[PDB]
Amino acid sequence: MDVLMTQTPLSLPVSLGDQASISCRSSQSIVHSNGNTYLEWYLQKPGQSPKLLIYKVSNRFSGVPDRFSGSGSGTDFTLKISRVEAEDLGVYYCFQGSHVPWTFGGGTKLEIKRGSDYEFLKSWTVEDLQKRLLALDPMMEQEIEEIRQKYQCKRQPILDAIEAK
């Protein structure tokens, strides 16, 4: 009693203005008892919370542009981005809500090809570049807080040994 959600690929390096396609394969059929197919696509910006993008295979959530499209055929479901913009970067997750337990996908990171090289960021606008710089602070603060909580994990036994004394 478990349906596997296989997302593919794991990383989709693209340039701005290109077409992107992410697939999600279900181990079993995913039609709900009421006849619907509760296939959902979520996008998570780095350091932020996931946001619903597509629901019921091909229905766009409120606020999602027409560049995002969804499709399916039973066990294969594909999300498509016609013109990748800077706001679309992040990790995409496919999700099923037809059979308990409802399962999530592994995730597909949509990133910029050779974004580490500044020569391939000169085509970007200054506005999108400062947005990209701002997008790293939630990521860094999250990783820092993970280190802090690990040392709180280590600090508590010593604090409790002092409290016993």
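One rule holds for the numbers: they count along the sequence shown, beginning at 1.
In this crystal structure, the stretch out of 71-79 and 88-96 whose C-alpha atoms carry the higher mean B factor is 71-79. Of the residues listed, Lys122, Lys109, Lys51, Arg132, the entry assigns the biggest Cα temperature factor to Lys122. In the PDB entry, a CA B factor belonging to the lowest third of its chain's modelled residues is recorded for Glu40. For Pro46, the recorded CA B-factor ranks within the highest third of the chain. Only modelled residues enter the ranking.
Ranked by C-alpha B-factor against the other modelled residues of its chain, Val57 falls in the lowest third. In this PDB entry, the Cα temperature factor of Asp117 sits in the top third of its chain's modelled residues, the highest group. When all modelled residues of the chain are sorted by CA temperature factor, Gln142 is found within the highest third.
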